[PDB]
Amino acid sequence: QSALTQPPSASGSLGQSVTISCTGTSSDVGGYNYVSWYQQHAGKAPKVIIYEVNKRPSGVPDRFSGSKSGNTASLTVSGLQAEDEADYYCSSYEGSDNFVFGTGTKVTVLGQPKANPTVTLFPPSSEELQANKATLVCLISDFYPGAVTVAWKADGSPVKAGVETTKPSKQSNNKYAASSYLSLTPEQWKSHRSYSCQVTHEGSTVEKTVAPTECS
Amino acid sequence: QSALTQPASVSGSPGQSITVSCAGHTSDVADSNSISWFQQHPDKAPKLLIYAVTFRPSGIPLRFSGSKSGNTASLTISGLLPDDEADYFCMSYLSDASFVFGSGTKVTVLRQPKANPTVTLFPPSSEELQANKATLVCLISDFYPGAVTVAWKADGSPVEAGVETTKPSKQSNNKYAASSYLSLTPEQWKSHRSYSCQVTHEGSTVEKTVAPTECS
């Protein structure tokens with residue numbers, strides 16, 4: 001089969017322009033017209049951006065663009081958005097009932113403004129309570145930089161190995177979300193009194209904490 | 001225009017076979033045959049599993065097979081395996097510029113648990129309700145697979161007017177966890193009667209409903 005040729009990255013800048021590459025063969029790019037650019041948001045499922053050249057599907061807003069001088073073919077993106085940083089692949093149909101892809105470019109929109117996660121700490125609810133069990137949370141949205149150190153604070157004490165939390169990632173494209181959870185014993189939760197999450201994001205630190213108060 | 005539901009997960013064993021679905025409307029999906037599957041795996045430029053349905057993109061093992069009852073489509077791989085975890089994608093075509101893919105699936109076959117996750121609904125607290133702000137968090141703890149789908153519906157109604165998800169990032173126990181983050185403020189939270197989050201899971205599909213309250 002051999003393969004294809006498109007670069008593993010392409011840096012642009014928030015409201016900039018994008019060129020996206022695809023060297024390929026004389027029966028594909030190099031010879032037929034049956035090319036595509038597909039836009040993963042990353043996690044959702046490809047979904048073509050440019051077809052049949054600069055063949056812009058339903059409500060694929062224009063600033064994208066096919067073109068190729070030959071064997072080798074590209075596509076540009078005039079002025080970025082950041083929804084623009086996604087996964088960009090390229091594909092020329094082949095010989096018959098068959099075609100070929102490759103991966104890269106239009107992945108990197110910096111010009112992206114840096115922000116802070118709006119921690120939100122919650123305790124366990126009723127059910128769980130009625131039910132005899134507890135699971136505590138720290139939600140973390142509104143950050144661009146996704147690379148956060150969250151902490152479990154227990155009556156003002158570094159809790160340790162009963163608390164999960166995982167690689168957040170992009171909300172409506174944009175920026176990320178996280179959430180730590182301290183899984184526990186209401187025994188010990190109903191013991192304690194200070195119940196604090198904390199995030200440290202880029203210097204800056206935000207802490208939240210709950211006391212056996214509320215209702216529920 | 002888009003509209004293809006394909007199963008969220010699809011269970012790998014060892015030697016075994018697996019099958020899917022994908023589904024939209026009459027029109028396209030049912031008045032006609034259109035839908036065409038893709039191998040996507042751990043970030044690569046997808047393949048071609050079905051190429052019009054009932055024919056395999058040559059150099060494709062014949063285990064994989066496609067199957068609409070007329071309203072929808074399926075797929076089977078007869079003899080599970082390693083080179084089979086992917087994210088399988090599906091398209092009917094469209095109006096010269098529609099052409100729609102359904103979601104994804106995935107697969108498995110090694111040392112692998114096999115278990116059921118744990119959805120959990122904390123609405124809001126006062127602090128938050130108090131001033132101007134809600135959200136509502138529905139977490140999904142330790143699964144085994146985790147390709148769990150999350151729903152938020154209140155007073156009957158489905159929704160995704162108001163929700164983001166936080167991908168099941170691992171709990172070093174090798175099990176799974178993720179969240180859903182729906183934000184209201186106050187207005188819907190109290191302007192409704194009850195809410196809910198629900199989690200489908202490789203034959204599994206457990207749900208929380210929920211309420212509001214006043215709090216004391």
# chains A, B, ... in the order shown; residues from 1 in each chain; ligands from 1
>>> interface_residues(of="chain A", to="chain B", cutoff="8 Å", atoms="only C-alpha atoms", output="ChimeraX atom specification")
/A:44-47,55-58,89,97-98,101-103,122-125,164-169,171-172,177-179,214-216
>>> write_last_selection(atoms="N, CA and C atoms", output="short mmCIF file (atom, residue, chain, number, x, y, z; two decimals), in the first residue's frame")
data_model
loop_
_atom_site.label_atom_id
_atom_site.label_comp_id
_atom_site.auth_asym_id
_atom_site.auth_seq_id
_atom_site.Cartn_x
_atom_site.Cartn_y
_atom_site.Cartn_z
N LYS A 44 -14.88 12.88 18.83
CA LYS A 44 -16.22 13.03 18.28
C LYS A 44 -16.39 12.23 17.02
N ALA A 45 -15.44 12.09 16.14
CA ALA A 45 -15.59 11.38 14.88
C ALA A 45 -15.34 12.30 13.69
N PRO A 46 -14.40 11.91 12.89
CA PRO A 46 -13.84 12.78 11.85
C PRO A 46 -14.68 13.92 11.37
N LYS A 47 -15.34 13.70 10.24
CA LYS A 47 -16.23 14.77 9.70
C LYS A 47 -15.36 15.71 8.88
N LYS A 55 -14.44 21.97 -1.74
CA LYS A 55 -15.81 21.49 -1.76
C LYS A 55 -16.25 21.46 -0.28
N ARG A 56 -16.80 22.60 0.09
CA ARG A 56 -17.21 22.93 1.42
C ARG A 56 -18.61 22.57 1.83
N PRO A 57 -18.71 21.42 2.49
CA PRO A 57 -19.97 20.91 2.94
C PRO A 57 -20.83 21.88 3.73
N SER A 58 -22.03 21.33 3.93
CA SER A 58 -23.04 22.03 4.68
C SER A 58 -22.33 22.76 5.86
N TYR A 89 -6.81 15.76 8.81
CA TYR A 89 -6.28 14.76 7.87
C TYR A 89 -6.66 14.98 6.40
N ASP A 97 -13.18 2.30 -5.71
CA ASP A 97 -13.77 1.85 -4.43
C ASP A 97 -12.66 1.80 -3.39
N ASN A 98 -11.81 2.82 -3.37
CA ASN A 98 -10.68 2.86 -2.42
C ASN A 98 -9.97 4.22 -2.48
N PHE A 101 -5.59 8.12 3.31
CA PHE A 101 -5.50 9.19 4.30
C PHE A 101 -4.07 9.42 4.82
N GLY A 102 -4.00 10.44 5.67
CA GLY A 102 -2.75 10.86 6.36
C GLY A 102 -3.08 11.95 7.36
N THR A 103 -2.18 12.18 8.32
CA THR A 103 -2.52 13.06 9.46
C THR A 103 -1.62 14.20 9.89
N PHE A 122 -18.14 19.94 45.80
CA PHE A 122 -19.41 19.53 46.39
C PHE A 122 -19.19 18.28 47.28
N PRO A 123 -20.04 18.22 48.26
CA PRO A 123 -20.16 17.01 49.10
C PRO A 123 -21.12 16.00 48.45
N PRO A 124 -21.23 14.83 49.08
CA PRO A 124 -22.16 13.78 48.66
C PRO A 124 -23.58 14.15 49.04
N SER A 125 -24.54 13.67 48.25
CA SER A 125 -25.95 13.86 48.43
C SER A 125 -26.61 12.81 49.32
N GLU A 164 -9.76 10.20 43.53
CA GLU A 164 -9.48 10.11 42.09
C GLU A 164 -9.74 11.36 41.31
N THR A 165 -9.26 11.40 40.08
CA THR A 165 -9.13 12.67 39.34
C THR A 165 -8.33 12.45 38.06
N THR A 166 -8.86 13.07 36.98
CA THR A 166 -8.27 12.60 35.70
C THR A 166 -8.24 13.61 34.61
N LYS A 167 -7.39 13.27 33.63
CA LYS A 167 -7.00 14.26 32.60
C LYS A 167 -8.29 14.81 32.02
N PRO A 168 -8.43 16.11 32.28
CA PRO A 168 -9.64 16.83 31.85
C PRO A 168 -9.44 16.90 30.36
N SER A 169 -10.38 17.55 29.72
CA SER A 169 -10.15 17.93 28.32
C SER A 169 -11.44 18.54 27.74
N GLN A 171 -13.99 21.32 26.52
CA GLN A 171 -15.43 21.51 26.74
C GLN A 171 -16.06 21.67 25.39
N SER A 172 -16.64 22.74 25.00
CA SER A 172 -17.24 22.90 23.65
C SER A 172 -16.16 23.23 22.64
N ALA A 177 -12.02 20.67 31.34
CA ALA A 177 -12.71 20.36 32.56
C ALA A 177 -12.19 19.07 33.25
N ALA A 178 -12.14 19.27 34.56
CA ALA A 178 -11.61 18.27 35.50
C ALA A 178 -12.52 18.14 36.68
N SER A 179 -12.28 17.12 37.46
CA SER A 179 -13.04 16.88 38.68
C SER A 179 -12.36 15.76 39.48
N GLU A 214 -25.70 22.32 55.79
CA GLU A 214 -26.28 22.59 54.46
C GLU A 214 -27.78 22.38 54.36
N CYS A 215 -28.11 21.14 54.66
CA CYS A 215 -29.44 20.53 54.44
C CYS A 215 -29.04 19.11 53.98
N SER A 216 -29.78 18.53 53.12
CA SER A 216 -29.57 17.27 52.47
C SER A 216 -28.70 16.18 53.07
#
>>> residues_around(residues="region 21-35 of chain B", least_positions_apart="5", cutoff="6 Å", atoms="only C-alpha atoms", output="number ranges by chain")
B: 3-6, 70-74, 90-93
>>> write_last_selection(atoms="N, CA, C and O atoms", output="short mmCIF file (atom, residue, chain, number, x, y, z; two decimals), in the first residue's frame")
data_model
loop_
_atom_site.label_atom_id
_atom_site.label_comp_id
_atom_site.auth_asym_id
_atom_site.auth_seq_id
_atom_site.Cartn_x
_atom_site.Cartn_y
_atom_site.Cartn_z
N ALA B 3 -26.94 12.38 11.89
CA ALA B 3 -27.93 11.60 12.60
C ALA B 3 -27.58 10.12 12.40
O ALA B 3 -28.18 9.46 11.55
N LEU B 4 -26.59 9.71 13.20
CA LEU B 4 -26.19 8.31 13.26
C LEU B 4 -25.70 7.83 14.63
O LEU B 4 -24.54 7.98 15.08
N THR B 5 -26.61 7.09 15.26
CA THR B 5 -26.37 6.44 16.54
C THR B 5 -25.74 5.06 16.33
O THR B 5 -26.42 4.19 15.76
N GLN B 6 -24.52 4.98 16.81
CA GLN B 6 -23.79 3.66 16.74
C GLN B 6 -23.31 3.34 18.15
O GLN B 6 -22.84 4.24 18.86
N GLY B 70 -32.98 -1.92 7.69
CA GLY B 70 -33.43 -1.04 6.56
C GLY B 70 -33.49 0.36 7.18
O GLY B 70 -33.41 1.37 6.48
N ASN B 71 -33.61 0.24 8.50
CA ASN B 71 -33.80 1.52 9.25
C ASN B 71 -32.46 1.92 9.85
O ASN B 71 -32.18 3.11 10.08
N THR B 72 -31.64 0.87 10.00
CA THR B 72 -30.35 1.01 10.68
C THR B 72 -29.33 0.00 10.22
O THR B 72 -29.75 -0.88 9.50
N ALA B 73 -28.12 0.18 10.74
CA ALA B 73 -27.04 -0.73 10.41
C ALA B 73 -26.20 -1.19 11.62
O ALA B 73 -26.04 -0.68 12.71
N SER B 74 -25.62 -2.36 11.34
CA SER B 74 -24.83 -3.17 12.21
C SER B 74 -23.45 -3.43 11.63
O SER B 74 -23.22 -3.06 10.51
N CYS B 90 -19.21 5.76 11.38
CA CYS B 90 -20.15 5.39 10.22
C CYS B 90 -20.82 6.40 9.42
O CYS B 90 -21.58 7.18 9.98
N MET B 91 -20.64 6.35 8.08
CA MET B 91 -21.41 7.30 7.25
C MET B 91 -22.37 6.78 6.16
O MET B 91 -22.15 5.99 5.27
N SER B 92 -23.58 7.34 6.32
CA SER B 92 -24.51 7.44 5.11
C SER B 92 -23.82 8.63 4.41
O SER B 92 -22.83 9.20 5.02
N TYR B 93 -24.26 8.95 3.22
CA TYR B 93 -23.72 10.17 2.53
C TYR B 93 -24.75 11.28 2.63
O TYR B 93 -25.63 11.16 3.49
#
>>> closest_residue(among="B:10, B:86, B:109, B:184", to="residue 162 (chain B)", atoms="only C-alpha atoms")
B:184
>>> select_by_dssp(residues="region 41-201 of chain B", states="helix (DSSP H, G or I)", output="ChimeraX atom specification")
/B:126-129,187-191
>>> write_last_selection(atoms="N, CA, C and O atoms", output="mmCIF file, in the first residue's frame")
data_model
loop_
_atom_site.group_PDB
_atom_site.id
_atom_site.type_symbol
_atom_site.label_atom_id
_atom_site.label_comp_id
_atom_site.auth_asym_id
_atom_site.auth_seq_id
_atom_site.Cartn_x
_atom_site.Cartn_y
_atom_site.Cartn_z
ATOM 1 N N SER B 126 -26.423 25.462 48.177
ATOM 2 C CA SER B 126 -26.817 26.805 48.511
ATOM 3 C C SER B 126 -25.772 27.818 48.036
ATOM 4 O O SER B 126 -26.008 28.627 47.178
ATOM 5 N N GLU B 127 -24.611 27.690 48.664
ATOM 6 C CA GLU B 127 -23.507 28.645 48.391
ATOM 7 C C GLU B 127 -23.697 29.032 46.935
ATOM 8 O O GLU B 127 -23.949 30.201 46.659
ATOM 9 N N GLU B 128 -23.646 28.044 46.074
ATOM 10 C CA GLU B 128 -23.758 28.211 44.645
ATOM 11 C C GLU B 128 -25.111 28.733 44.201
ATOM 12 O O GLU B 128 -25.116 29.809 43.542
ATOM 13 N N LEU B 129 -26.172 28.036 44.500
ATOM 14 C CA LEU B 129 -27.526 28.505 44.195
ATOM 15 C C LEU B 129 -27.657 29.990 44.509
ATOM 16 O O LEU B 129 -28.345 30.766 43.857
ATOM 17 N N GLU B 187 -32.017 29.673 37.526
ATOM 18 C CA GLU B 187 -33.206 29.812 36.740
ATOM 19 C C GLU B 187 -33.878 28.543 36.267
ATOM 20 O O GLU B 187 -35.092 28.459 36.473
ATOM 21 N N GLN B 188 -33.107 27.690 35.646
ATOM 22 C CA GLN B 188 -33.657 26.348 35.285
ATOM 23 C C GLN B 188 -33.673 25.518 36.560
ATOM 24 O O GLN B 188 -34.794 25.049 36.889
ATOM 25 N N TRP B 189 -32.591 25.424 37.298
ATOM 26 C CA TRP B 189 -32.518 24.602 38.505
ATOM 27 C C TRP B 189 -33.767 24.698 39.342
ATOM 28 O O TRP B 189 -34.269 23.626 39.800
ATOM 29 N N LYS B 190 -34.253 25.881 39.597
ATOM 30 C CA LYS B 190 -35.529 26.059 40.275
ATOM 31 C C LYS B 190 -36.723 26.236 39.340
ATOM 32 O O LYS B 190 -37.854 26.090 39.852
ATOM 33 N N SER B 191 -36.490 26.653 38.109
ATOM 34 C CA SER B 191 -37.566 26.836 37.149
ATOM 35 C C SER B 191 -38.030 25.477 36.612
ATOM 36 O O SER B 191 -38.798 25.595 35.647
#
>>> atom_distance(atom1="CA of residue 114 (chain B)", atom2="CA of residue 16 (chain B)")
14.7 Å
>>> residues_around(residues="residue 209 (chain B)", least_positions_apart="6", cutoff="10 Å", atoms="only C-alpha atoms", output="list in words")
residues 120, 121, 152, 153, 154, 155, 156, 194, 195, 196, 197 and 198 of chain B
>>> decode(residues="region 157-173 of chain B", atoms="N, CA and C atoms", output="JSON list (two decimals), in the first residue's frame")
[["chain", "number", "residue", "atom", "x", "y", "z"],
["B", 157, "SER", "N", -37.81, 16.12, 29.50],
["B", 157, "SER", "CA", -36.94, 16.52, 28.42],
["B", 157, "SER", "C", -35.46, 16.18, 28.50],
["B", 158, "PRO", "N", -35.05, 15.53, 27.39],
["B", 158, "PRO", "CA", -33.60, 15.36, 27.16],
["B", 158, "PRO", "C", -32.99, 16.77, 27.18],
["B", 159, "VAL", "N", -31.69, 16.84, 27.11],
["B", 159, "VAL", "CA", -30.94, 18.08, 27.04],
["B", 159, "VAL", "C", -29.45, 17.83, 26.76],
["B", 160, "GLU", "N", -28.96, 18.92, 26.17],
["B", 160, "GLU", "CA", -27.55, 19.14, 25.91],
["B", 160, "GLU", "C", -27.39, 20.61, 25.42],
["B", 161, "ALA", "N", -28.41, 21.32, 25.83],
["B", 161, "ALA", "CA", -28.42, 22.79, 25.78],
["B", 161, "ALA", "C", -27.39, 23.28, 26.81],
["B", 162, "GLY", "N", -27.40, 22.56, 27.93],
["B", 162, "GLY", "CA", -26.63, 22.88, 29.09],
["B", 162, "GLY", "C", -25.55, 22.02, 29.62],
["B", 163, "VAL", "N", -25.02, 21.09, 28.87],
["B", 163, "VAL", "CA", -24.05, 20.15, 29.48],
["B", 163, "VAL", "C", -22.76, 19.92, 28.78],
["B", 164, "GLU", "N", -21.68, 19.84, 29.63],
["B", 164, "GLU", "CA", -20.40, 19.30, 29.07],
["B", 164, "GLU", "C", -20.07, 17.97, 29.74],
["B", 165, "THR", "N", -19.18, 17.22, 29.13],
["B", 165, "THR", "CA", -18.77, 15.92, 29.79],
["B", 165, "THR", "C", -17.28, 16.03, 30.11],
["B", 166, "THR", "N", -16.80, 15.20, 31.03],
["B", 166, "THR", "CA", -15.40, 15.10, 31.43],
["B", 166, "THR", "C", -15.03, 13.61, 31.27],
["B", 167, "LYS", "N", -14.31, 13.38, 30.20],
["B", 167, "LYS", "CA", -13.94, 12.03, 29.78],
["B", 167, "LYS", "C", -13.36, 11.15, 30.89],
["B", 168, "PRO", "N", -13.88, 9.91, 30.87],
["B", 168, "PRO", "CA", -13.48, 8.89, 31.83],
["B", 168, "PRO", "C", -11.97, 8.81, 31.75],
["B", 169, "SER", "N", -11.33, 9.50, 32.67],
["B", 169, "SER", "CA", -9.84, 9.33, 32.76],
["B", 169, "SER", "C", -9.75, 8.34, 33.97],
["B", 170, "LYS", "N", -8.83, 7.44, 33.74],
["B", 170, "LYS", "CA", -8.48, 6.31, 34.56],
["B", 170, "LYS", "C", -8.27, 6.58, 36.03],
["B", 171, "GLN", "N", -8.72, 5.54, 36.78],
["B", 171, "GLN", "CA", -8.30, 5.47, 38.19],
["B", 171, "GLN", "C", -7.33, 4.26, 38.36],
["B", 172, "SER", "N", -6.08, 4.58, 38.27],
["B", 172, "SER", "CA", -5.01, 3.67, 38.76],
["B", 172, "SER", "C", -5.61, 2.66, 39.71],
["B", 173, "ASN", "N", -6.21, 1.68, 39.15],
["B", 173, "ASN", "CA", -6.97, 0.54, 39.67],
["B", 173, "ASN", "C", -7.43, -0.12, 38.32]]
